[PDB]
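Protein chains in written order, with the authors' numbering: chain 5, 2 to 15, 27 to 294; chain F, 3 to 305, 337 to 361, 376 to 420, 427 to 490, 508 to 548, 556 to 642; chain B, 2 to 269, 281 to 518, 542 to 656; chain 3, 2 to 268.
C-beta atoms are modelled at their ideal positions from N, C-alpha and C, and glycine is treated no differently.
Read the structure below first, then the notes.
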Amino acid sequence: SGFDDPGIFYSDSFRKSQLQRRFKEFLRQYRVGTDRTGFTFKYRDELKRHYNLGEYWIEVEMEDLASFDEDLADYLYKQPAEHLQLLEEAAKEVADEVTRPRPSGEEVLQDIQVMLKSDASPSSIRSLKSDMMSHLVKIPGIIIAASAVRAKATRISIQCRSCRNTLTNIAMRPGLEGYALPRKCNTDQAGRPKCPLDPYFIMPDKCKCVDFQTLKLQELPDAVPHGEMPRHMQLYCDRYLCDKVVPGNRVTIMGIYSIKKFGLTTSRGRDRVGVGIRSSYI
Amino acid sequence: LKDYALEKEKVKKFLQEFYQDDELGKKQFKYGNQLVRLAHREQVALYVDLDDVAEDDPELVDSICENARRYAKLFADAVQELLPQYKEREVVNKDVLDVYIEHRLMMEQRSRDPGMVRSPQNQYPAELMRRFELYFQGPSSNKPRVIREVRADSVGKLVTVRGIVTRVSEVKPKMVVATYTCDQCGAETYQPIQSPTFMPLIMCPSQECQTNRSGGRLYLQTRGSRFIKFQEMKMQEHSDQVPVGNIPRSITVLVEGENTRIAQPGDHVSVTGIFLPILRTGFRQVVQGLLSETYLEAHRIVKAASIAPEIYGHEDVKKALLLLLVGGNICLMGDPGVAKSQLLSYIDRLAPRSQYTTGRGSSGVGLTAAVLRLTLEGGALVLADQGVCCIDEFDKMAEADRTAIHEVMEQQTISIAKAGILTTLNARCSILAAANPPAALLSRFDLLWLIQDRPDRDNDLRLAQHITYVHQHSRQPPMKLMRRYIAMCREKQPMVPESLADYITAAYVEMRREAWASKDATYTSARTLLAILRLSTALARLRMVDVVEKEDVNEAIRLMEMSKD
Amino acid sequence: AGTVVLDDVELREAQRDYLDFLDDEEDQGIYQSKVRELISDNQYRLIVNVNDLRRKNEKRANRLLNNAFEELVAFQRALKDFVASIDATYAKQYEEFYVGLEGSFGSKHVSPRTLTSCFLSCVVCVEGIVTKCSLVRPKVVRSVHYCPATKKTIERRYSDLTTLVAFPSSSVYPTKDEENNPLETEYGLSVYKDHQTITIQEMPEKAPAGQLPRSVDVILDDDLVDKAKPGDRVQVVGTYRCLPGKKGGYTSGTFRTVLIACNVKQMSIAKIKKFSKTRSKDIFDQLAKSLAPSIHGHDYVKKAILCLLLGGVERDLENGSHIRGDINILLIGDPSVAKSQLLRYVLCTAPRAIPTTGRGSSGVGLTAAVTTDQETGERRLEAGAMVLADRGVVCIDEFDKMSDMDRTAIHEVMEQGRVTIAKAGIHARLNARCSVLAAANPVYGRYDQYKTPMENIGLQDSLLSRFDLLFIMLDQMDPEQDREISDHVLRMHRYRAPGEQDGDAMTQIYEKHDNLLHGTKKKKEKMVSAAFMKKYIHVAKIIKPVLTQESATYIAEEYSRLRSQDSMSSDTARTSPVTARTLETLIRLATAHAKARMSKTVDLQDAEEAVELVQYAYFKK
Amino acid sequence: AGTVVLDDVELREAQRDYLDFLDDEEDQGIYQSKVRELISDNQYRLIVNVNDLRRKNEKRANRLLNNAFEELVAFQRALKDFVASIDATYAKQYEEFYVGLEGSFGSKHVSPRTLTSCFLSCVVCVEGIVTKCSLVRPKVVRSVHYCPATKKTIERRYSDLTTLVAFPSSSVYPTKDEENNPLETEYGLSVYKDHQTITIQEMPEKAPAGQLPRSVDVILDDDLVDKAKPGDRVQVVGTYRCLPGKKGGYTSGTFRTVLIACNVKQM
DNA sequence: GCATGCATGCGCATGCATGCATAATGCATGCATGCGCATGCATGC
DNA sequence: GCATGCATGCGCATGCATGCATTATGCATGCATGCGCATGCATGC
Ligand SMILES: Nc1ncnc2c1ncn2[C@@H]1O[C@H](COP(=O)(O)OP(=O)(O)O)[C@@H](O)[C@H]1O
Ligand SMILES: Nc1ncnc2c1ncn2[C@@H]1O[C@H](COP(=O)(O)OP(=O)(O)O)[C@@H](O)[C@H]1O
Ligand SMILES: [Mg+2]
Ligand SMILES: [Mg+2]
Ligand SMILES: [Zn+2]
Ligand SMILES: [Zn+2]
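Quick look at the structure:
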């Protein structure tokens, strides 16, 4: 009849998905104990208790995962960005499995932050060079500055000027990365006149927000070379990692070595010697 | 406005309630039996009467009348929910579509745990698994409307119309829901259709393809798709309802699965339908805004004794007309002023399948058939197939029409070979013709009746008295039964025994001998014997006898003698 | 848009002026009863005389003619106010009411050829013929949608031609919720209005000879959808505006001009009761005598024409049988016996009269035709002369020159009154109930007395039986008859219209006596006025008489007597054969005479008059 | 915009619930005398105990604490209805009335250091000291103009923070007629409302020793303009919302969070 | 009381996140009408 | 009645006015803070 639009539907199906399934089985199966006294389900019970108490975070030791299956542990050491997402989805699915009979009304299943911990000996901050980009590194230091906690968006929704149509549930990228709005209104309009150029506005009240913090880390005075100025580093903290460190503490931090991504902006200032340099962080 | 849940519950209880009506004189659970049959493939569509609902709640009926489509969907969902309760056994024999439905339900039970979260897009479309259709019957209190007066006030309502059929479309499948398979996954994608045209999809919305970001591409399938039977109908007003000096108006109807193949061109029909628009996108127009075209969606389509007692006299001609109607070609030639046209009009009105032509108005393309945007549409001779055709002022027709009529009478098929048309048409119809005062009529036709106006005083006075009675009291001096009697009569087929042949043979020979004695006689041939045999068989059929008898042969001989004299 | 207006002197004053215009309390105005009639009839528009407005308030009329849209808006607001005042309940049904216009516009009375840009944005009047029409289409005004996901219903309002210029923000159909939940359209709750487009051409009679015609395009709104049809002569009053083209960068600077109609017009008790009850027979006596003073003598033809004007009675029965009720006449005479004058007078007097000479119209243009529409590929029906003249009169001059096939075609109309049409793809039965006048010259130029009428007429018996009456007229050169004819002709010639100076270039029941048009001797009698004659004819045509038992046997016996006298008439020949149609003709003429004098039943005198007519017409010396 | 809403179960039910909450006929409630006091004092806002609402209707309190804006709108509508009911004459003066909140919020009692994105779009309570204040500035709500050329007056309505997101079509000051005749602004007939901005810091007595302080920014509307001064210890209850940045192509994805006060208390 | 220390205080430079300003051309579609063809109607002789 | 004339009628090509579709990058401005300077206050001896 040319008026309605019922949409699109699909049905459940009859290698990354297999990786997520492997992580889920690891979480549901892992146990620690003895043959004499049996074994206890470490991560299952831990996730159950944390979700029940309201703490949306768990900590995973890489040695346990390597014991369970070395392939996934080796994978996490090389491409943390994707396998972290897969492991978080597996943790969310397990938490849904264990705590199905929740109190009424609170049906919404929230995300879960997965932290990492290992017994590997650290390495000097001076060893950070080009070869370690996008890998997982462990570094000691002393914290000297900590900015205020701010808000950063993970899901956004935008509206059109003329026809007031909406694009919803757009996923933002983690880290210090931006987003560019589209310029064309994607609506089929025949006979109707069309929308202008650049018609989109960001709706603030319909976005998902998380905590955000930046830290300044200095090389340990115990390991600074004689007669050399100490070096510094900038750290990114998200969600539950905020407020865990006070300036002046001596900390060991495991993270990913990255660069900021805010587009191909032109260099500024009266000095323009450097070409193709992106500010780095962890 | 009222919540749909309460009315859905009311619909369910109404379907579960009624016990009242039974044909055999009892109290029978009708809707329960209908639902039990619906559980398996013993019934593939259900019709709901809005007169039975009126007993308990008329506001439901009014809301159904004004908002018919929403209530149709609600009824469909309610019946689908009720179906599992009434089911008692698995299908004894099932076809391809049932095999898909069973397999999909089985794997849905296999995979989906009761507690896992399911996206609103992850469900099956309602109409894909459904295999039964619901239609409504117009209220008896509701008065049928006229094609001319349905307007914007009637868009979206439930209406009942009566009209004449002029155009019918051949059956073709119509898409309901399209099924897609991804290039790199086992998932299935469903696309509902509610538009005259649609744009096929490309990428796969399945969860696995999304998680892997594989970029798999969809492909259509025809086996998994759902198709329905679709037909297009054209209707016109009766000549009675047209105002002064105007022309009949037309409307367009769409016809669904079981309602398909009910109506034929030239039939008078009553249609219960919903009046809905179609959004039109195309050539630019003068006035801005949203215009639309209207059309009708159907849910139900519904289609010796005295012959012309108003006309005085011609009793033997009336008997011959009765025999022609009953069956096993009659021509009348008369002076002007004798009502020959009115007999043909009565014959046209009485016959189930009939056509009536007046002369050059229906000449040429009005007969035979022609090609129109391509489909071939027939004329009066084609429409009257297996019926009776009536032609007035036969002698004034063009020669081509007369040749076509002769071909229909003798060969019973039409052959057309012209630029763009090369066909043979089946016309198994008997012809009644009228004319004014030739060897062609005697040789080709079976029975000729010559009506000569001899001015006898007594006959003229009686005719005047009868006409005055008709004009004054509007009724003759002291059809459904006739139609039923003819229908019952035509069911049987008598047979000719071996012995009577000799008698018949003798008669024929003697008749021809007399015709050879009277040199003024014109025609006797085996065609006359065939006509006599056919008339005797028709009379035996009237008596419902298995074996031809003597009285039928005598009456046929007497009728032929009266016609010839 | 939050912009609002607080004060406007002109609009408020104009609204006040219309409020005072439509009060009708201290005046003899009628508009109050008009509004009450509109409420009674459920209609929602009014027609107001422009001359009346100018008489009451000339400035408002000047402003309305010079400026249309704002003044029309003020009119509609005032109508809403007064409809609410008289009955606020009825005003709830309709959004806004409308105003029609009527009266002599004067200078603005403009032909389709003389419409110019000088009259833009004003109200104009135009007279023309209709050539193109389009199918009726609905248009959305208010839309309603429902969301099964959230159980919420919303409504959107549309206003496209209400505002002069529209923008892409409006006229957008909603399909999705704020959270992308699908919406289901609910057609029952929406609001639609009908729309049609027609084309009008300057009438060929008015256009200068040898020049191509010019046309205007008209848009018909919801109320005026079915008020026009192709091939019709109409007068349209409405606004003349420009058409906004759709968005673009470069424009040539040429707009399209479209007339938006507001009014469409099809151009056209005690006294009667007393006169009828007192006169009875004298009713038809005077009506026959006073039929046309311009024509001398011929009482029988005047009686027959009056019988056509009154006519018979259409009858139907249980079996669907139809019985004809119309009358048909054929006149044959020598030249200069004023047959064409009679035809022209019947054209002038009869309500629906169409003249169609012998070779002027062919068989296709008489009844109807079927044409394949190139725009859609469908088949459409075009009505001919006889279908247009339903329950009317068709006059055929020079009937003898008509071809045989056309007469065979006319047979269908003359016998049953219907036309059957069929071509592969469509078939119909159109109504064509009608009456026919025909005048035909004799074959030998002048009627031969010695030869029998059959040789002179030269027509078959079937066609003669189709006609109810045959009349033969002769120019006998009697000196006294010639003197009378000369007196009458020169009296009519010397007459001049009263109120017109000599030498210049160029209602009472009974007409005032005239010295020349009537004469000194005729002072003892009077003639009936034309207007009362038309009113009485219409009233008589409405009346439905019934046949009595006294006259049926009498008429049947006389029909048998005629069919036996067929052998007795030895001294004279017969003009027309006697068939079964003669009895129906007798009954029809009896009923026509019973219509002439308003009563309830058919009496013996009407039968006697019918039989006198039949005897006179059917035999000649 | 011609779009309208016909039915909404949640909003209508919430309005009915507040109507029953503020009746005080068959109960020992006091809000009727509070409304009479407000009418007597020409003030146009009310303060309602959160604990009282939770005791009478726990579900409404839960929804209001978890979702602020819609529930506050329903409160304001109910106040308008009851002010019209008791005395319709007084309700003519003001466009819409406002609601304050009071009582023990419990878990939502939050220090400026512990405000997080978890409490966004909810009503929060904060205790702090005032450090920065700004001058009071008027803001236009309804504008009125006059045309000496045509002797016509027009009025334009403005609504910026009433709606979550604003567009360039609105917030445009008219200066010319449809035929380019100049318009003269008439400041007497227009409508303005006052506006102020303050900053609140966590009290040094409460902050952990040796750590830098953290602060929040507050916007004070027309009624609460003069209720705060620098160097003062206050408690503020109000909504915690994001701030819409002006139009642009590329966004970094970091919003600004601003607390919009509804109640300010001098402890 | 005079000599000295010094926590407070002020004005102009650069660095960096947000924010502001710019801005016709080419290609597609439906309406009007010519040109070849076959059917069919009407008109003579 | 048969032979001929012919006004009507239909389908596919091109020509021409309106109408439709497309579409990121570079430069400017205000907030934060270092560095040199002079006044002035407070603290000793
Ligand atoms: N036997 C009859 N009985 C009654 N009416 C008759 C009879 N014969 C003729 N008529 C009347 O005479 C009229 C004959 O006209 P019609 O039947 O058209 O003649 P035809 O068919 O020869 O052209 C009809 O209207 C009919 O009413
Ligand atoms: N009876 C009459 N009375 C008056 N005028 C007559 C009469 N008969 C003939 N005429 C005159 O003779 C003329 C006849 O012309 P017309 O009616 O064309 O004759 P026809 O129609 O016979 O060819 C008319 O102009 C009319 O004035
Ligand atoms: Mg006939
Ligand atoms: Mg004449
Ligand atoms: Zn848009
Ligand atoms: Zn797939």
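- For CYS442 (chain F), the enclosing beta strand (DSSP E) begins and ends at 441-444.
- For a cut-off of 8 Å, the C-beta gap from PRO7 (chain 5) to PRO194 (chain F) is around 4 Å, short enough to register as a contact.
- Put simply, of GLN186 (chain F), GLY140 (chain F), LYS28 (chain F) and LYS449 (chain F) the residue whose alpha carbon is nearest the alpha carbon of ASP51 (chain F) is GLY140 (chain F).
- Taking 7 Å as the threshold, the shortest C-beta distance from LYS248 (chain B) to chain 5 falls below it.
- Rounded to whole angstroms, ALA480 (chain F) and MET637 (chain F) show a C-alpha spacing of 26 Å.
- Distance from the C-beta of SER477 (chain B) to the nearest heavy atom of ligand 3 is not below 6 Å.
- In this structure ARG64 (chain B) touches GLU72 (chain B) by the C-beta definition: roughly 6 Å separates them, less than 8 Å.
- Listed along chain F, no residue sits closer than 8 Å to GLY429 (chain B) by beta-carbon distance, the nearest being about 11 Å off.
- Taking every residue with its beta carbon within less than 7 Å of a heavy atom belonging to ligand 4 gives, in chain order, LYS351 (chain B), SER352 (chain B), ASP409 (chain B) and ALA451 (chain B).
- Non-local beta-carbon contacts of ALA103 (chain 5) in its own chain, meaning distances under 7 Å to residues more than five positions away in sequence, involve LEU39, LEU59, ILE70, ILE124 and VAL126 in chain order.
- Contact between the segment 622-634 of chain B and the segment 311-329 of chain B is present: 3 or more CB-CB pairs across the two stretches fall below 8 Å.
- Residue side-chain check: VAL425 (chain B) keeps its Cβ at 6 Å or more from all non-hydrogen atoms of ligand 1.
- Within the segment 383-411 of chain B, the runs of alpha helix (DSSP H) that reach at least 4 residues and sit entirely inside it are, in chain order, 397-400.
- Excluding the 5 residues flanking it on each side, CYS67 (chain F) has same chain C-beta neighbours closer than 7 Å at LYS159 and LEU160, in chain order.
- Only residues of its own chain outside the window of five on either side were considered, and among them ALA80, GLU83 and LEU84 have a CB closer than 8 Å to the CB of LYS14 (chain F), listed in chain order.
- Burial state of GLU26 (chain B) is exposed, judged by a 10 Å Cβ sphere holding fewer than 16 other Cβ atoms.
- Set against 6 Å, the gap from the CB of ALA386 (chain F) to the closest heavy atom of ligand 1 is smaller.
- In this structure, the straight-line span from the alpha carbon of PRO216 (chain 5) to that of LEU48 (chain F) is close to 51 Å.
- For the segment 159-175 of chain 5, the set of positions with a beta-carbon nearer than 7 Å to some beta-carbon of chain B reads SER174 and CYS175 in chain order.
- Assignment of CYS207 (chain 5) by DSSP, reduced to helix, strand and coil, places it in the coil class.
- At a cut-off of 7 Å, the C-beta of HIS541 (chain F) has a neighbouring C-beta in chain B.
- Taken from the Cβ of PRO383 (chain F), at least one heavy atom of ligand 1 lies inside 6 Å.
- Every unbroken stretch of the alpha helix (DSSP H) spanning 4 or more residues and falling wholly within the segment 62-140 of chain B is given here in chain order: 70-87.
- Excluding residues up to 5 positions away in sequence, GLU231 lie with their Cβ nearer than 6 Å to the Cβ of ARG243 (chain 5) in the same chain.
- The residue from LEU476 (chain B), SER41 (chain B) and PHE76 (chain B) with its alpha-carbon nearest to that of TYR91 (chain B) is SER41 (chain B).
- Judged by DSSP secondary structure, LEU342 (chain B) falls within the beta strand (DSSP E) whose first and last residues are 340-345.
- Nearest Cα to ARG611 (chain F) within the set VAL385 (chain F), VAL586 (chain F) and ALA353 (chain F): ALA353 (chain F).
- Excluding the 5 residues flanking it on each side, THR620 (chain B) has same chain C-beta neighbours closer than 6 Å at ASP480, in chain order.
- The residue from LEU20 (chain 3), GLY3 (chain 3), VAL131 (chain 3) and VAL100 (chain 3) with its alpha-carbon nearest to that of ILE201 (chain 3) is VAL131 (chain 3).
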